[PDB]
Amino acid sequence: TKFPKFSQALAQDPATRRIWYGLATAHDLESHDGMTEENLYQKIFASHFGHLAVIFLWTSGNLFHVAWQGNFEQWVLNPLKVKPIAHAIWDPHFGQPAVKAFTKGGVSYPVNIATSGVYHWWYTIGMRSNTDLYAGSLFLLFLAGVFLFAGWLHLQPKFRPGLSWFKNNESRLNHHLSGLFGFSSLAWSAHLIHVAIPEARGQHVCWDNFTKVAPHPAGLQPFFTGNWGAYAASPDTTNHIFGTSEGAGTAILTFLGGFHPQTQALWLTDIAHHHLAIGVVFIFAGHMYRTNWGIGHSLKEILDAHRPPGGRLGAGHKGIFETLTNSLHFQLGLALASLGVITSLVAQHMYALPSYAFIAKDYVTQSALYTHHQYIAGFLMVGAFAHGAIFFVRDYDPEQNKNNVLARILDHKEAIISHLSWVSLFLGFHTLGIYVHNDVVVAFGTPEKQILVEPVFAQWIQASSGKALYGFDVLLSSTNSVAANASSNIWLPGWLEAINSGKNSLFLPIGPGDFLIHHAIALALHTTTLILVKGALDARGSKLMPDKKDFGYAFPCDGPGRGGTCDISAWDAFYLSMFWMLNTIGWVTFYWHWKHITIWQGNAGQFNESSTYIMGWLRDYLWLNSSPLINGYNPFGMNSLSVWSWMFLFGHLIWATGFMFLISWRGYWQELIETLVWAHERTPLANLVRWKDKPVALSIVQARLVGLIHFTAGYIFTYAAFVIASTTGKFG
Amino acid sequence: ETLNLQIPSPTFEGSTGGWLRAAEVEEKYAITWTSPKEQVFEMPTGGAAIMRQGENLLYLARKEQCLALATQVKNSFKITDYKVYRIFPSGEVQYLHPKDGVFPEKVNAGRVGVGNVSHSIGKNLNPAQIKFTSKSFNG
Amino acid sequence: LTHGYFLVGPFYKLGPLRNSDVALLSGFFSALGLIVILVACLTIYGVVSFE
Amino acid sequence: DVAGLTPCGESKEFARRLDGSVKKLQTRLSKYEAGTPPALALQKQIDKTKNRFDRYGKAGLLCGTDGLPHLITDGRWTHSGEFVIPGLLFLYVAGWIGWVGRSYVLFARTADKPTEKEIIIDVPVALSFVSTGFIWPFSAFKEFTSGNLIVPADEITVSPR
Amino acid sequence: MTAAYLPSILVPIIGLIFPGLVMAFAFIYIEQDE
Amino acid sequence: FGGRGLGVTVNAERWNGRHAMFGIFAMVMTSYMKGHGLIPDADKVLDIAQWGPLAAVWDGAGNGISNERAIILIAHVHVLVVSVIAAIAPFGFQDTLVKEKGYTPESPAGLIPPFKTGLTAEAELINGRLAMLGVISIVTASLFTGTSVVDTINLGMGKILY
Amino acid sequence: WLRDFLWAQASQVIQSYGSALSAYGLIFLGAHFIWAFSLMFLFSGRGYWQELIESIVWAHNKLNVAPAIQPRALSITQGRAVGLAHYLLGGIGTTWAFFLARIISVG
Ligand code: CLA
Ligand code: CLA
Ligand code: CLA
Ligand code: CLA
Ligand code: CLA
Ligand SMILES: CC1=CCCC(C)(C)[C@H]1/C=C/C(C)=C/C=C/C(C)=C/C=C/C=C(C)/C=C/C=C(C)/C=C/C1=C(C)CCCC1(C)C
Ligand SMILES: CC1=CCCC(C)(C)[C@H]1/C=C/C(C)=C/C=C/C(C)=C/C=C/C=C(C)/C=C/C=C(C)/C=C/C1=C(C)CCCC1(C)C
Ligand SMILES: CC1=C(C/C=C(\C)CCC[C@H](C)CCC[C@H](C)CCCC(C)C)C(=O)c2ccccc2C1=O
């Protein structure tokens, strides 16, 4: 009767709904009883420090478990042959065949083999021994403690920040651009130049010697003379064996481009020069805003003055400053949309341009990292649109936003939504129709009749960056071009070697199957956007429910009247778009993984011929690659893919269990539960035990969430088991 | 006015759909009505019972259970003589329906309007306006 | 006395260590562990249910 | 040629596609006697397969490394018969259907009971309308400019937001 | 492995005692009224 | 929770005192016990074939718990079952771990309880505070100096145990 | 059941293309499609589709091509019935195609 102490409406509920709803509304601090704005921003600040610490404890845990139980020192000796160990297994349910089957990695105990790539990342950035992985784990435990104490400290009465501090947009932007983005990128260049570059070249540099070991033989004298090009002189040779002194140069900043020939990763001197460039740029960008000394920009002044004189945007951005600052949901939506695009950039640029030594030969790690970050990307992008819907319901004031960009977006909400409906339908009808055309014609024994459309626009883009496969002779592909001549002395020789060589995932060859799947991804991104945009724009009202704002973000329905109002809330369009997010990241990761496993065999033509129809995707990707995974255990034994073999079935179960919450709805279950309440009260020896909370069926919104969680968890666990076990079992 | 606890009840052979421990520990509802006949009706909680000629008394676990029987008795047997009471475990009897002797669908003097909003529904305040202030969204 | 007496048998006969010579000791310990979990359940029910 | 593709008439992979596709049917024909109805049917299938590959070879289509025809749809006029010209034929028929249906819903609004005209179609009038579609680009553009296609924003029901 | 005893000591504690105890306490806290 | 004698209370101080005096006894007793080799087959590694996967340890040699460690654990399990039975079903006279919600918390002892030479509560609390501190002293001494806890117990008492 | 029954015996439907059993491969894929398409009607509710139809009705009103029989999202019961009908058709058609290509090839 007092668990949701933040909610008296839930704390007086006599049912089991109180526990569920108190657990599910716990982090929605804005909705808590008697919540002021001061207390809202100060609890968010302290709980952001708790998230900071959880991240640091998670990273310290990965470092500790690899330092303790991993084979990092064995792996760094021979990184292409040794399989990295994540942590050991102590499971009292194992049989002795299971214990023997997981005893890989060169150790004497069962282990999980790491798919996270942390070995390649820690190898590349300098770590050599278990002592420094452990030292990193210790330092992160200290930092986690520092940020937990900071979270407690900024909850103390003298140390409580005011709302004037929390909304100082200019000082926060100045410091996050110049200190958090820029100076830490500059400090990361210092780590590469001072530690990672020398230790990639055999010379150990630690805290014990880094003030008496110069990164460059000349040493901070060329920098303080303008002779900066002396830091690019004598780069690492193509004969360099990573981690050793043979083939090593003395340069610490280069723009060679392409990849280190042995590790098949970006040059660490390119990465050090990248973070130096991006650091200075971000530091300069962090001097943009006026704080205390009269130079800089006021964000209010910039936003108010950007109204085009033609009047096409109305009042423009007048009043957008206040809306953004006052609305934490508008900020969360901008932050999550921005972050979601970046983790999609992270997934796309880390497989094509890997930075870590001897990764991109760890095919399981490449598949897991790409799949992981694309799923994180889809979650962040859907959440951005969710919090835009929450912004419109909760924080958007139409009077304060008269004729703005925001009001005028709502004014044409139907033009936006109907054109997203058109483009979704357009793409879906044709992409599916071309795929079905191809399936029917191939089935009828006539593969030639297939509508195979070359991806010429993308091929032109590849050629424009120097791919010579398509013979476009555009820009970099043409030897005598202004673009080619300009970059010839700096990054083009390495880039042309990297792009033209077929040993890397840089600008991988694209054909008709690639075109069709890209259009499928376009239908998926447009359809998820349609559902999310329809939810955000119709969040505050619709013809079916004009006063939808008055009911909130997440409500079940408005009842069976007016024809029926199931899934009418903006939350329910989040709910419906979550399936479309899962479907699109499914199409993306299925495409990435199938194209890569076919290239990794040396059989890229198998994707080229089978991806243009859907039975090729069914038999040649899902059915063909299932066999190492589903044979992880059988009546003839088991091997170390048994865990993924069990997880794959576990994902199928959770996913299907989600269907129970999504297909079967409340009234059936409340009528079951009332017969169980009768039976418990009428059973002798059992009616001595009484519930404190009346058993009720799950709510309409709660069951939609429970089915969505089960569907999503089943989706993730099934695909993670498949993408890891098929790649591990195949090794290619 | 008060519930006469001695009113005889309709002939029901019992059912499992009746009231549970919350009726004897939280609240119970009773419905009384006068019938001109010895006639069979359907229980809200199950099968069929026979209402006796004269005055009948029922014990249900919900007010909707009472009002469901009230509608069945008014549409099929034309009884308009139904009084719905909420009986606390303390023994307090609370008269409920019709609350002032006249049905809610008929106007009655001395009824004060509760929940009435002076404007139409499209003039409700936006949630941003009522955020971080105690002011209500109905204007 | 009733419940503890019959709990030992399923753990002993059908447990992981059933084929071992320590099957009865494992079954008793498993029964005892289940008794401790159940007695914790009885304790927590008593704390919350009854004023 | 275009996009590193080869014309289908000189690609060896298209030729081995045709040869394999004819061998599959010839081994099905090898189990039947000459004048029998299955053999006659199979031979006509072989003739159709050869005609398809012969026509595709001389059509200017470009084959891939897989020996299947690929469509170039970037707008170039040497390949306009694969998307730009079939697309113009589509847009003419699609705009025909759209103009004809729009004309019929505007007719049906001016009826005594408008909704019976949409479940029981006035077939002579609807056939008058299906004949109207052959000059839909001009009819629809004159409709657009004469203020009869687009209704103003203040004549359309919208949600309160 | 060094400290090989710790997985045998902690994994049953973290995996059985920790949930049991925190579930028991969570149950007491959610059910309690004052 | 706190209103039942749990937390930083004198009831908890007394109970942890009792457990630390018993623990100092048990540490001294196991030091004497394995110094003379009176634990049978102390080095013998238990086989997973008899005991199952709970016996696995992952120490590079043997891959199993030793018999000594299992025997000390079984001694602890004996007194844990006594502990649970005493916690849930105490004696009529015994002090109870969880005091009734409405109880009178005993006054805090202070810096030093009054000295009574008999079997008194004050003597129990003094010895208990000393033993809890003693547990910390031995655990830190062994940790700091890189010696087995059994060995530092033996060293403190002048090797009387062994 | 996953490996030795569904995966092992679905070999014939997946590899049926270019043969006389290619219709079963097409119905196998088509029924997987119909089954999945059913879940659009099963996991969603009418109110989403009516507000989406409102935006589409706006686009029709803008071109003066609104129908006189006002488009509605299907009823709540009909959304359930359409989802169940497509689910049964998709599942049974998947099993129908799988069973028939498997046993025509091997039996
Ligand atoms: C230089 C000064 C400075 C610095 C360093 C910070 C730093 C920070 N502040 Mg800020 N802050 C400052 C001044 C500063 N503050 C001032 C002056 C004010 C008052 C006006 C504030 C007011 C303020 C508020 C109100 C809040 C913060 C918060 C935060 C934290 C952000 C959370 C996080 O982890 O992001 C870390 C972000 C990065 C490391 C950069 C992101 C990198 C981008 C996204 C992509 C780069 C990818 C790159 C390859 C990384 C690869 C990693 C590796 C695995 C490959 C962060 C620690 C928030 C917080 O969490 O509270 C603790 C918060 O709520 N600050
Ligand atoms: C295979 C599964 C599947 C398929 C095909 C679809 C298809 C579609 N969904 Mg649905 N959806 C699904 C699963 C599926 N969904 C699931 C599981 C969920 C989670 C609940 C959703 C949730 C969802 C939402 C919330 C939304 C969609 C939307 C869409 C549309 C997006 C593509 C588009 O706009 O045009 C593509 C059109 C097609 C693919 C239709 C196929 C064309 C047909 C088959 C022609 C065949 C004619 C033939 C003769 C019929 C024979 C019948 C016989 C009895 C005579 C389309 C109708 C969005 C929408 O309506 O945007 C406009 C939208 O808002 N879907
Ligand atoms: C011929 C009549 C007609 C016309 C002119 C339009 C016009 C339009 N519709 Mg379509 N629509 C129609 C019928 C029609 N609709 C019907 C019957 C349905 C139910 C299936 C829909 C469902 C529909 C959806 C779901 C969407 C549109 C959209 C659109 C707009 C974009 C154009 C487009 O891509 O069409 C697309 C057309 C379809 C997807 C369905 C085509 C339906 C058939 C082919 C037409 C029916 C022929 C009709 C029976 C003719 C009978 C007349 C005869 C008696 C003389 C535009 C306002 C889109 C929009 O709002 O974007 C701005 C959109 O998302 N419409
Ligand atoms: C947060 C990251 C994290 C994660 C997921 C794990 C995961 C695991 N650890 Mg732990 N561990 C971590 C960090 C982490 N470790 C750190 C930083 C240390 C250094 C002190 C250790 C030291 C450690 C030891 C010594 C042992 C494990 C063991 C294990 C395994 C069994 C669980 C167990 O007995 O835990 C016991 C873990 C601890 C007592 C240390 C606490 C772990 C972190 C710091 C807690 C952080 C919690 C998280 C941030 C948020 C909690 C709330 C959450 C429920 C929402 C399991 C693989 C056992 C093992 O390897 O068996 C194979 C084992 O014996 N861990
Ligand atoms: C995540 C951690 C975890 C761990 C470490 C264990 C540990 C164990 N499980 Mg597993 N189990 C778990 C989770 C876990 N379980 C979950 C989540 C489930 C549900 C899916 C199961 C379901 C399960 C089954 C169905 C069985 C086991 C069995 C076993 C035992 C291994 C077999 C053996 O050697 O028998 C020797 C085992 C013993 C001698 C039993 C020792 C009894 C302990 C020591 C008493 C502990 C007292 C108790 C925890 C008090 C807690 C009170 C509460 C407040 C915490 C071992 C005790 C088997 C078993 O019970 O063994 C008989 C068995 O049949 N487990
Ligand atoms: C989700 C969550 C909830 C609320 C909000 C939140 C706070 C922000 C967030 C954070 C959660 C977080 C950050 C949770 C963090 C949880 C953590 C860090 C748990 C760590 C546990 C470590 C243990 C139990 C080790 C004990 C070691 C011992 C006893 C060794 C002792 C010893 C040995 C043998 C050797 C030395 C001597 C002695 C002393 C004898
Ligand atoms: C719903 C909602 C309600 C209101 C609040 C809200 C939260 C804000 C909102 C959410 C909105 C959301 C969730 C919005 C999400 C918005 C997103 C994801 C926008 C993506 C923008 C990407 C751009 C502009 C890429 C540009 C690349 C370029 C120009 C590359 C150029 C090039 C370069 C340099 C290199 C290559 C060559 C070329 C190609 C020339
Ligand atoms: C897509 C969808 C709609 C919209 C679907 C509509 C409006 C159906 C319209 C489809 C076109 C207009 C006709 C369908 C014709 C098909 C090509 C074949 C139909 C075969 C029989 C109808 C004869 C709902 O109304 C709905 C309601 C409740 C739960 C889920 C949903 C749901 O998922």
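Numbering starts at 1 and runs along the chain as it is shown here.
Each Cβ is built from the backbone N, Cα and C atoms, and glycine gets one as well.
Noted in Swiss-Prot for the protein shown:
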TRANSMEM  A:44-67  transmembrane segment
TRANSMEM  A:133-156  transmembrane segment
TRANSMEM  A:173-197  transmembrane segment
TRANSMEM  A:271-289  transmembrane segment
TRANSMEM  A:328-351  transmembrane segment
TRANSMEM  A:367-393  transmembrane segment
TRANSMEM  A:415-437  transmembrane segment
TRANSMEM  A:515-533  transmembrane segment
BINDING   A:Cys557, A:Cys566  [4Fe-4S] cluster binding site
TRANSMEM  A:573-594  transmembrane segment
TRANSMEM  A:641-663  transmembrane segment
BINDING   A:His652  chlorophyll a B1 binding site
BINDING   A:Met660, A:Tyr668  chlorophyll a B3 binding site
BINDING   A:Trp669  phylloquinone binding site
TRANSMEM  A:705-725  transmembrane segment
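Features recorded in Swiss-Prot, as mapped to the structure shown.
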residue  : record                        : DSSP (3 states)
A:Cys557 : [4Fe-4S] cluster binding site : coil
A:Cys566 : [4Fe-4S] cluster binding site : coil
A:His652 : chlorophyll a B1 binding site : helix
A:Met660 : chlorophyll a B3 binding site : helix
A:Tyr668 : chlorophyll a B3 binding site : helix
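Within the same chain, residues 169-171, 173-179, 181-189, 192-193, 196-197, 252-255, 295-299, 355 sit at least 6 positions outside the transmembrane segment (A:271-289) and bring their C-beta atoms closer than 8 Å to a C-beta of that stretch. Distances between the Cα of A:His652 (chlorophyll a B1 binding site) and those of the binding-site residues A:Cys557, A:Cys566, A:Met660, A:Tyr668, A:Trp669 are shortest for A:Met660.
Rounded to the nearest whole angstrom, the C-alpha distance between A:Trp669 (phylloquinone binding site) and A:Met660 (chlorophyll a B3 binding site) is 11. Sorting the binding-site residues A:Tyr668, A:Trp669 by the number of other Cβ atoms within 10 Å puts A:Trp669 first.
With a threshold of 8 Å between CB atoms, the same-chain residues lying at least 6 positions outside the transmembrane segment (A:515-533) that come near it are 378, 381-382, 385-386, 389, 416-417, 420-421, 423-424, 427-428, 430-431, 434-435, 438, 453-455, 458, 573-574, 576-577, 580-581, 583-584, 587-588, 591, 611-612. Local packing around the binding-site residues A:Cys557, A:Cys566, A:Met660 was summarised as the count of other Cβ atoms within 10 Å of each Cβ; on this measure the leading residue is A:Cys566. Three or more CB pairs closer than 8 A are found between the transmembrane segment (A:573-594) and the transmembrane segment (A:705-725), so contact between the two stretches is assigned (pairs 6 or more residues apart).
Sequence-distant contacts of the transmembrane segment (A:641-663) (same chain, at least 6 residues past either end, Cβ-Cβ under 8 Å): 98, 101, 112, 628-633, 698, 703-704, 706-722, 724-725, 728-729. Cβ contacts within 10 Å of the residue listed as 'chlorophyll a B1 binding site', excluding its own Cβ and spanning all protein chains shown: 15. The binding-site residues near ligand 3, defined by a Cβ under 6 Å from one of its atoms, do not include any of A:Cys557, A:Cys566, A:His652, A:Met660, A:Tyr668, A:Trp669. Listed binding-site residues (A:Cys557, A:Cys566, A:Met660, A:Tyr668, A:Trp669) with a CB under 8 Å from any chain G CB: A:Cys557, A:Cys566. You'll find the Cα of A:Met660 (chlorophyll a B3 binding site) roughly 17 Å from the Cα of A:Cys566 ([4Fe-4S] cluster binding site). Spacing of A:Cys566 ([4Fe-4S] cluster binding site) relative to A:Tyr668 (chlorophyll a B3 binding site) is 16 Å (Cα to Cα, whole number).
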